[PDB]
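Protein chains in written order, with the entry's author numbering: chain X, 343 to 389; chain V, 487 to 583; chain S, 313 to 414, 419 to 623.
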Amino acid sequence: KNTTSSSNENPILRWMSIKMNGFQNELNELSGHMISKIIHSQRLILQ
Amino acid sequence: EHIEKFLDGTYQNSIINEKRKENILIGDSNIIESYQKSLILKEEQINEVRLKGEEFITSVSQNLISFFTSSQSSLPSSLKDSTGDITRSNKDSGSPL
Amino acid sequence: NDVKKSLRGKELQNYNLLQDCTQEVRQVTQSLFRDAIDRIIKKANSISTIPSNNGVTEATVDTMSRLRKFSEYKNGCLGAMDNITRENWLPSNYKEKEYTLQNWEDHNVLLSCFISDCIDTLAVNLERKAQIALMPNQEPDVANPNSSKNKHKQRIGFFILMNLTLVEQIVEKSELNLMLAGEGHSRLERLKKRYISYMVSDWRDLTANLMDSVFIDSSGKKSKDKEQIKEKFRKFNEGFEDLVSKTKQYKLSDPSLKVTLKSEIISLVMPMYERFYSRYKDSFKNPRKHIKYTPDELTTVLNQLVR
């Protein structure tokens, strides 16, 4: 139309871009703590 | 919670917002292409499909802490799910992690 | 108003006829106010079903924007409140328990009196319509949180309190806002607390037969009848999660209603489980396998029952 949308995809880019923030943030956080934990595994097993 | 609380989640009370006429003034001329009806043709299933995106991504996320890392250093286990080496005994490790 | 006030201490002789055709324009007020009440009756009873997502019939929107048409004739409303009864807008076979109303002094009395009585009429007619439309074979029994009849006190409660959500959210910025001071706020509060208590009803069943389950086995010993442990505590968990389950059907709109129903039902439940949990938490090495919640975690459940 566009609209793009009908709130609910513009305002569910409040979902979609922010579900992309839950996803990109999820990879961010798991990336962080996983990276530092494995860093504390070469610390914790090798070192 | 809110995003599920907009699908059926009224989203008609939002139509009741300007359908208070914003009185004053007197109209009541609400011709919004109402609204965001919406989504029943599979875009609701695109929404719940995205929620499967989320809980799925958490499922593979913590499911990466199922291997310990399979017993041992597969430590950089960032990707991906495979290799069920089933030497369960012993410590070093069922741990994960 | 301008002419009968105009300048006095003088001969004024058509002033009687001013009071007579002005007595007919107070039959235009009077007829417009019995028209207001009967307007609520017929214009409300127009609809027959609670809505799809159970919202607000826009006959109520008509009723409140109808009231803001009663608003900005304000000073003519003030003089228009002259010398006329509450029963000059009443279908006389009413009861006053229908009306959250508890003087005869000025027109500011009949201001909040009259308008808040009109929203009481909105309450009794909407309430009647729900009482019909859910149990379509019964007598509509009204204003009754202690009803032994309704099965939909939560549902009717959220319906009606969305109607009042509308009403105070037009008295939000109205002149009625600045008109109906003092009592009429508290009239609206009692109006709320009815349907609030409708949404506390089966929680009062849970607490009711919980502490009754304390009462009937308050006779004998410590619970070697461990069917009483898992009776009170299991069935308490059963009805508790039933109530949390049917709490999920409704999602509130006033934040102060969230605070209201929240702290109400917290204050309903808690001390029972405090003295009762803490009374009977001495029965196993794992009460866990029989008794589930703390008051800490149950409190937390209630505090995220109200997202």
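Built from N, CA and C at the ideal position, the CB exists for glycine as well.
When DSSP states are grouped into helix, strand and coil, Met358 (chain X) belongs to the helix group. Residues of the stretch 504-521 of chain V whose Cβ lies closer than 9 Å to any Cβ of chain X, in chain order: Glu519, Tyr521.
Close to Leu372 (chain X), with beta-carbon spacing below 7 Å, are these residues of chain V in chain order: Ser547. Taking 8 Å as the cut-off, the beta carbon of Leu482 (chain S) is found no closer than this to the beta carbon of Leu507 (chain S). For the 8 Å CB-CB criterion, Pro456 (chain S) and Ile448 (chain S) form a contact. In this structure the stretch 375-384 of chain S touches the stretch 427-440 of chain S; the number of beta carbon pairs closer than 8 Å is three or more. When only Cα atoms are considered, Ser545 (chain V) and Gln366 (chain X) end up about 15 Å apart. With its beta carbon at least 8 Å from every one in chain X, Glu534 (chain V) lies outside the interface.
Contact annotation: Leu561 (chain V) and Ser383 (chain X) have beta-carbon atoms nearer than 8 Å. Using a Cβ-Cβ cut-off of 8 Å, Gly367 (chain S) is close to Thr496, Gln498, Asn499, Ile502 of chain V, given in chain order.
DSSP places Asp422 (chain S) in the coil class of the three-state scheme, outside both helix and strand. Around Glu540 (chain V), no beta-carbon contact reaches into chain S at under 9 Å, the shortest distance being about 17 Å.
For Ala459 (chain S), the CB contacts under 7 Å within the same chain, skipping 5 residues up- and downstream, are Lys409, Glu410, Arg510 in chain order. The criterion of a C-beta distance shorter than 8 Å is not satisfied by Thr555 (chain V) and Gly367 (chain S). Nearest CB-CB separation between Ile543 (chain V) and chain X: below the 8 Å threshold. A check of alpha carbon separations from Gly580 (chain V) across V:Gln522, V:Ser557, V:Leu565 identifies V:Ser557 as the nearest. Per the C-alpha coordinates, the member of S:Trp420, S:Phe475, S:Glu323 positioned closest to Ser364 (chain S) is S:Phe475. In this chain, the alpha helix (DSSP H) harbouring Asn357 (chain S) covers 327-357.
Against chain S, the beta carbon of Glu487 (chain V) has neighbours under 7 Å at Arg623, listed in chain order. For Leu526 (chain S), the enclosing alpha helix (DSSP H) begins and ends at 517-532. Three or more Cβ pairs closer than 8 Å define a contact, and the stretch 462-474 of chain S meets that threshold against the stretch 512-521 of chain S. Distance from the Cα of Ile359 (chain S) is smallest, within the candidate group S:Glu554, S:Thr369, S:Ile472, for S:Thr369. The C-alpha of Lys322 (chain S) lies about 20 Å from the C-alpha of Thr334 (chain S). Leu426 (chain S) has its alpha-carbon roughly 8 Å from the corresponding atom of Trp420 (chain S). Ranking S:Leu522, S:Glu590, S:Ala446 by CA distance to the CA of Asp612 (chain S) puts S:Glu590 first. For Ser348 (chain X), the nearest beta carbon of chain V is closer than 8 Å to its own beta carbon. With a threshold of 16 other beta carbon atoms within 10 Å, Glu543 (chain S) falls short and is exposed.
Straight through space, the alpha carbons of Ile352 (chain S) and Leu402 (chain S) are spaced by roughly 12 Å. At a beta-carbon threshold of 8 Å, the residues of chain S lying near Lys491 (chain V) are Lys567, ordered along the chain. Separation of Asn509 (chain V) and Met362 (chain X) (C-alpha to C-alpha, rounded to the nearest whole angstrom) is 39 Å. If you ignore the 5 residues before and after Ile551 (chain V), its C-beta comes within less than 7 Å of the C-beta of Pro582, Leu583, all in its own chain and listed in chain order. Put simply, the backbone Cα of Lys317 (chain S) is about 20 Å away from that of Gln339 (chain S).
Between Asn533 (chain V) and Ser569 (chain S), the CB-CB gap reaches or exceeds 8 Å. The beta carbon of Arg380 (chain S) sits closer than 8 Å to some beta carbon of chain V. Under the Cβ criterion of 8 Å, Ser556 (chain V) is not counted among the residues facing chain X.
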